[PDB]
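Taking the deposited numbering, the leading residue of the sequence shown gets 42, the next gets one more, and so forth.
Beta carbons: idealized from backbone N, C-alpha and C, even for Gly.
For reference, the structure is listed below as structure tokens.
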Amino acid sequence: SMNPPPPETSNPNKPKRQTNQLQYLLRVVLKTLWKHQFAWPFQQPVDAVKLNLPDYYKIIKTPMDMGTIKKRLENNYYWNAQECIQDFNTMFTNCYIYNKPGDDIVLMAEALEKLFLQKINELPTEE
Ligand SMILES: O=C1CCCN1c1cccc(NS(=O)(=O)c2ccc(F)c(Cl)c2)c1
């Protein structure tokens, strides 16, 4: 089971902009999760080949990871905060869909998601 192309991080005809909320998503939210002890499984797309997960991309049809999110934020790929928040939620949800309750990877996602929720709670008002 081969890996798919990763999610796009560049698309010239996609409308995009910088907002103060998107800056916060990079400087606070992504930075916080990225430095966490449990970040590493989430720092790049799932390599189904090297991880011996041949069913991964038969089950997970909307893959997402923080490597992709990081690049999207660095490239100002998003139009608004909700697009980026949705990417984080997709990443967490994928983990819970694919894996079993109590698996190490799920505990790791749960810890990252708690921090995500704490930071998004203080998302600044736009502009
Ligand atoms: O579901 C996801 C999203 C991100 C990676 N991932 C996933 C699911 C199932 C196995 C693996 N393989 S692994 O990277 O070597 C691994 C990583 C952390 C762990 F705690 C354990 Cl027990 C194994 C990865």
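Fill in: Closest by C-alpha distance to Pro56, when choosing among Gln127, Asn130, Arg113 and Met149
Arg113
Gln85, buried or exposed, once every other Cβ within 10 Å from all chains shown has been counted against 16: Classification for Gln85: exposed.
Should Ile110 be counted as a contact of ligand 1 given a C-beta to heavy atom distance under 8 Å?
Relative to ligand 1, even the nearest heavy atom lies 8 Å or more away from the CB of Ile110.
Worksheet entry | Close Cβ partners of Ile110 (< 7 Å) along its chain, the five nearest in sequence each way excluded | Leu71, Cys125, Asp128 and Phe129
How about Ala122 and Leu63: are their beta carbons less than 9 Å apart? yes
Is any non-hydrogen atom of ligand 1 found closer than 8 Å to the C-beta of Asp145, if you look at the structure I gave you? yes
Problem set entry | Buried versus exposed call for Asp88 [16 or more other C-beta atoms within 10 Å across all chains shown] | With fewer than 16 other Cβ atoms within 10 Å, it is exposed.
- Hey, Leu156 and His77 are a contact pair by Cβ (cut 8 Å); roughly how many whole angstroms apart? About 7 Å separates the two Cβ atoms, so the contact holds.
Q: Please state whether DSSP places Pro45 in a helix, a strand or coil.
A: coil
Practice prompt. Could you check if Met149 is buried or exposed, using at least 16 other CB atoms within 10 Å of its CB as the buried criterion?
Written response: buried
* **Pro95 CB to nearest heavy atom of ligand 1 below 8 Å** => no
TODO: Excluding the 5 residues preceding and the 5 following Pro47 in the sequence, name in chain order all residues of the same chain whose CB lies nearer than 7 Å to its CB.
DONE: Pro86 and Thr109
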